[PDB]
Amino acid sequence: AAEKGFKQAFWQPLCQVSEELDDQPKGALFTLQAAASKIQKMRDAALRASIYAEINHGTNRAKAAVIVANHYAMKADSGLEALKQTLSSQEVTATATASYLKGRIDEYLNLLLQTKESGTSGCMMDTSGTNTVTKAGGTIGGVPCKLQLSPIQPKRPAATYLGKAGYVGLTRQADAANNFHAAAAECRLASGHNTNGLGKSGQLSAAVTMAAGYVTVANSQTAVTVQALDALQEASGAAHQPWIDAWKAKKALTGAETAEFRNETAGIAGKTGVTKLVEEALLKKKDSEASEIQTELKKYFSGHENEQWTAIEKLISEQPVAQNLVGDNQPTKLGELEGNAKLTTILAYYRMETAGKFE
């Protein structure tokens, strides 16, 4: 009945959204760390190839490794630029819009939870509208509903309650007086009229919206109405705008999975940086033919397909460095070394050796 406390079918879908929004900061931290990690892996491969070239310098194998080193250093460069230009804003915006909306929802739900007079009369009722619910740890009436922002650990969340189309559980409600409102539980947050609702001497001067514009509390003796939020469209200045902002920011997320962060399986000529380097440093002519690039490449890779690129990478990975450059009993093959700073100083050692050979 109108002007009565809210049954579980009303507030459980809000709990579900709040719990899922709680994971958006975790996903943002995961993605920012994953981007940095992938950049670091690209840089390690660039450094191994560079070290191999110095060790084997002046050979066709070394020139192949220079091409490989250039490729992976450009991947690392481009991932850092994308982290600056795109990923940082995407992940901060998702974190902020999700956390802001969660705060709007949780403040409303916490008010419902506390506004009660007895075990059978209050604003937050169970599924049958018989008993007011209580919070026990991170649950309310048996529903996960912490009403707090959890400690932020990296995690990959699975979009369930907020997806590509909108908030799946926040559907059009045709019969709120019977499906949202209890039969007898009293709740002055259920209307703006003075007899049973928020008005004191008279009715409130207008309808009131709560939960960032989701629910509309009329100032007459009538049931609430809700915005359907499951088939959203991009808009500006809506009463429920924070729902749209979080949905839009979440839909834009790519993770650390755009092309800068992934390896390329194309033929060698099409791999990042390869054609420009062949043209500028080997052919020494701009606007070259494809046949010429492929012909140059066979000199150094014995072919021009991904298989010949992998073969050079295996030679790079198997190359040992000088024993004294690693700790006692530690591995010396480049493929068994990782960490940018560790490989950077090994490259510097071999560049000094290269200088001493020219001396």
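All residue numbers refer to positions in the sequence shown, first residue = 1.
Taking the mean C-alpha B-factor of each stretch as recorded, 94-102 and 117-125 are not equal, and the higher mean is that of 117-125. Of the two segments, 160-168 and 230-238, the one listed with the higher mean B-factor is 230-238 (C-alpha atoms only). If you compare the C-alpha temperature factors of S291, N56, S317, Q40 in the entry, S291 comes out highest. By the numbers in the PDB entry, the CA B factor is greatest at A185 among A246, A259, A212, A185.
Split the chain's modelled residues into thirds by C-alpha temperature factor. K63 is in the middle one. Residue-level temperature factors show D44 in the lowest third of its chain, judged at the C-alpha atom. Per the deposited record, the Cα B-factor of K333 falls in the middle third when ranked against the other modelled residues of its chain. Ranked by C-alpha B-factor against the other modelled residues of its chain, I140 falls in the middle third. In the deposited entry, the Cα temperature factor of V274 sits in the middle third of values across the chain's modelled residues.
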